[PDB]
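Chains as they are written, first to last, in my numbering: chain A, 1 to 408; chain B, 409 to 816. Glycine included, each C-beta is placed from N, C-alpha and C at the ideal position. Taking it in order: structure first as structure tokens, then the write-up.
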Ligand SMILES: Nc1ncnc2c1ncn2[C@@H]1O[C@H](COP(=O)(O)OP(=O)(O)OP(O)(O)=S)[C@@H](O)[C@H]1O
Ligand SMILES: Nc1ncnc2c1ncn2[C@@H]1O[C@H](COP(=O)(O)OP(=O)(O)OP(O)(O)=S)[C@@H](O)[C@H]1O
Ligand SMILES: [Mg+2]
Ligand SMILES: [Mg+2]
């Protein structure tokens, strides 16, 4: 219900990337790559808001992996700050060489959310990530992911990305449509959402309580499954349809699971269930303080919480095999990698290299479900101050409704 | 003569840094520092265009060097990208803790040059650096430096800084007022100035020719000294005064050094001498390819070229003791350090730590002459494209005038 006008306006886009300099760079590219062990010719150029992609056609034989490993050296020989090598460009035989624009224009949240893709999204938990390399809005749906793993080192834009996702939901769903459980071992990053009506419990700081929060989630998931079974529905959307039709028909449904034990008892009237999202700002700590029990709970939620409408968003600044385990990854195919420190760290999160070539400040590689190759997305910027406003707007529309059993 | 309108406009400054969040951060700071081995209390807050400085008053005893070493950990504990620790604040007993603003506003060249400090600067070689932490224009004078050393690692803003300095001169001085010798071993960064009338020779790429360029400079310096001696003047400003007064008096001076050897010979009429600037994009190579001969020439130019109106600007991306030797430093007190990789690298350039705590993208520590402490300056941004325009504007006002003896 809170107005999008609470956000900061989109900034001017004084672009101008004269075809002049673009031909020269194309020219330099071929020259510089040649000095290395690779023959190449520029096929086309695509200027964007943050980067410019120069599609190139390698000579037969040359291993594209060879170009990828030359990224550092090529950027140097070109005197540019960074270079991202795109090994394969969907639908083409060309290789991508992406180069940062001198004056990159920031991508504002208000800009992404003002897109029809978002304004008309039906999901209860859409996530407006940002703009793609051509500047087109990239709006996703957490419900279809159906879980998300997020990594990136300091200054990469992980926390801003996490806030953009929380605000995507807060701008489209009311507390009866979506509820959240936030886990933030340190105080900082997520402490500000404290109090909004969407919260199921206060921001979790204690790791043991974090563990309980996941157990509660599992319990609620199985509880929703018994409900859906008793109702003859396959998922949350179906459940909510049934309950909604019965009401509109002047015949509200009664909890088919309620067992009367006292003459006094009356079956409670069913109501639509909210989509639940569990967001962990940093779960490397959980995986360290608690351990195996945490993996177990995560792995269980990931495997079957989708139908129950319970979704996980796990973010980590420490992308190690100890934190992002194969057990965690096996049931969470959707990945988002902001800038990471090494190719090794890139593979742990994406099972692929490349996130080490990102710029930082929101720059990311998004790996949607049933996709082998990630698409580059320029994370939308949302300031802690904008977060504070929306949060205040929500604390005015409803008081906190914590359930002191979740952390118990 | 080329119009400032050739530059890009200053971008909006949607700031807003509510005193709210500033009190909280002041609050966290004391909290977080306490967790480390340091008691502290915030005395005041000064929000700026790029950073916000929180002055703090350490408890008696605690070593300010202790806070400096905690910058990394402190930034981490605060969940911010970077923290700069200012050990002493001129005229105060406080210590500075500088924190980057979420949405930093870029500082545009047009904005700095539009300041009266620049527009009314008399020097032939003023260098508009950018904005200080409070957003005030910092315009310097190369002639009073009288030489400048510049360091910074990749993506720090060294080359943008060097272009802003070259354009500072190109927007105030005509070729009869200022001439340049550009040395750029690689092609990239400085190759674009090729052809402007100000150039004394083509952009130098060969290291041996770079060596000759420096020798020519020494020769020209001594030649100007004999000229000034013969004219009874102490410096270039004085020389140019004399030659200018004589002309206005209908009596142009004659080269007092010209020795007639033929009946044919006629003493040439003197003319005002241009201020000469030698800019090396990367002299780490020179110091490596040639060696000791290059140190010697640099050391000689640095020691006595000021009066002769000849000035050096030496920039390096590889700040090692092998490159920035004490010999070089003894005669070049003015320093500019953009972000560097380590405290060691910071000491090599500033003989002090701190450049390792910079943000990059133009952020710098400027050490003016007769000063022990550097002032933070947010470098003014100038795109390669803006440089291209100004270059074209100059190539229309004058043809190249190379002296094929300088590199010979
Ligand atoms: N999408 C973005 N667009 C522009 N700047 C961004 C973006 N995301 C992040 N930044 C910059 O980085 C800051 C926020 O970074 P975070 O998202 O908190 O980074 P982090 O990866 O969580 O690591 P930290 O700094 O340790 S919190 C902002 O204040 C900006 O200055
Ligand atoms: N003063 C500045 N303001 C904003 N962005 C800047 C500034 N200086 C540098 N940048 C960014 O960095 C780029 C230029 O960096 P350079 O100044 O060439 O860096 P460098 O330190 O010389 O190292 P490179 O990238 O190896 S050339 C610009 O294209 C911008 O994207
Ligand atoms: Mg963070
Ligand atoms: Mg450079």
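Just to confirm the assignment, what range does the alpha helix (DSSP H) spanning residue 537/B have? Per DSSP, residue 537/B belongs to no alpha helix (DSSP H); it is in the beta strand (DSSP E), 534-540.
For residue 392/A and chain B, any beta-carbon pair shorter than 8 Å? Judged by the 8 Å Cβ criterion, residue 392/A is not in contact with chain B.
Ordered list of alpha helix (DSSP H) runs contained in the region 325-385 of chain A, each at least 4 residues: 326-330, 343-350
If you count every other CB in all the chains shown that lies within 10 Å of the CB of residue 423/A, and 16 or more means buried, which is it? It is not possible to answer for residue 423/A, since the shown part of chain A is limited to 1 through 408.
Could you check what DSSP says for residue 497/B in three-state terms: helix, strand or coil? Of the three classes helix, strand and coil, the one that applies to residue 497/B here is coil, per DSSP.
When we look at the beta-carbon of residue 660/B and count the other beta-carbons within 10 Å, is it buried (16 or more) or exposed? exposed
Exposed or buried, residue 448/B, counting other C-beta atoms within 10 Å across all chains shown (16 or more means buried)? buried
Ordered list of alpha helix (DSSP H) runs contained in the region 641-692 of chain B, each at least 4 residues: 644-656
Can you tell which of 787/B, 797/B, 793/B, 718/B has its C-alpha closest to the C-alpha of residue 535/B? 787/B
Does the beta carbon of residue 152/A sit closer than 8 Å to a beta carbon anywhere in chain B? no
Could you tell me whether the Cβ of residue 563/B comes closer than 8 Å to any Cβ of chain A? yes
Beta-carbon separation of residue 147/A and residue 46/A under 8 Å? no
If we require 4 or more residues per run, which alpha helix (DSSP H) segments fall completely within the region 432-464 of chain B? If you keep only unbroken alpha helix (DSSP H) runs of at least 4 residues inside the region 432-464 of chain B, you get nothing at all.
Would you check if the distance between the CB atom of residue 493/B and the CB atom of residue 505/B is smaller than 8 Å? yes
If contact is defined by three or more beta carbon pairs under 8 Å, each pair taking one atom from either stretch, is the region 535-546 of chain B in contact with the region 568-585 of chain B? yes
Report the three-state DSSP secondary structure of residue 492/B (helix, strand or coil). strand
In whole angstroms, give me the CA-to-CA distance for residue 620/B and residue 584/B. 23 Å
To the nearest angstrom, report how far apart residue 356/A and residue 151/A are at their CA atoms. 11 Å
Out of 398/A, 383/A, 404/A, state which residue places its alpha-carbon closest to the alpha-carbon of residue 108/A. 383/A
Cα-Cα, which of 714/B, 582/B, 782/B, 731/B is closest to residue 550/B? 714/B
Below 8 Å on the Cβ atoms is my guess for residue 335/A versus residue 350/A; work out the distance and round it to an integer in Å. Right, the Cβ-Cβ distance comes to about 5 Å (below 8 Å), so this counts as a contact.
Taking one C-beta from the region 63-72 of chain A and one from the region 20-30 of chain A each time, how about it: are there three or more such pairs within less than 8 Å? The region 63-72 of chain A vs the region 20-30 of chain A: no contact.
Tell me where the alpha helix (DSSP H) around residue 569/B begins and ends. 566-578
Relative to ligand 1, what is the chain-ordered list of residues with a Cβ closer than 6 Å to any of its non-hydrogen atoms? 106/A, 152/A, 154/A, 155/A, 156/A, 157/A, 158/A, 159/A, 160/A, 361/A, 362/A, 379/A, 380/A, 381/A, 487/B, 488/B, 489/B, 510/B
In this structure, does DSSP put residue 555/B in helix, strand or coil? Look at residue 555/B here: in three-state DSSP terms it is coil, with no helix or strand label.
Helix, strand or coil for residue 388/A? Go by DSSP, reduced to three states. In the structure shown, residue 388/A sits in a helix (DSSP, three-state: H, G or I).
Indicate, with yes or no, if ligand 2 has a heavy atom lying under 7 Å from the CB of residue 746/B. yes
What residue range does the beta strand (DSSP E) around residue 141/A cover? Taken as a continuous stretch (DSSP letters only), the beta strand (DSSP E) holding residue 141/A covers 137-141.
Delimiting residues of the alpha helix (DSSP H) encompassing residue 512/B: No alpha helix (DSSP H) contains residue 512/B, which DSSP labels as neither H nor E.
Which bits of chain A does residue 489/B rub up against, with CB to CB less than 7 Å? 154, 155
Which of the three DSSP states is assigned to residue 294/A in this structure? helix
Tell me where the beta strand (DSSP E) around residue 182/A begins and ends. 178-183
Run of the beta strand (DSSP E) containing residue 720/B, from where it starts to where it stops: 718-724
Candidates 173/A, 229/A, 57/A, 381/A, of which the one nearest residue 110/A by Cα: 381/A
Hey, is residue 117/A close to ligand 3, as in C-beta under 7 Å from one of its heavy atoms? The beta carbon of residue 117/A sits no closer than 7 Å to any heavy atom of ligand 3.
So which of 580/B, 567/B, 753/B has the shortest CA-CA distance to residue 592/B? 567/B
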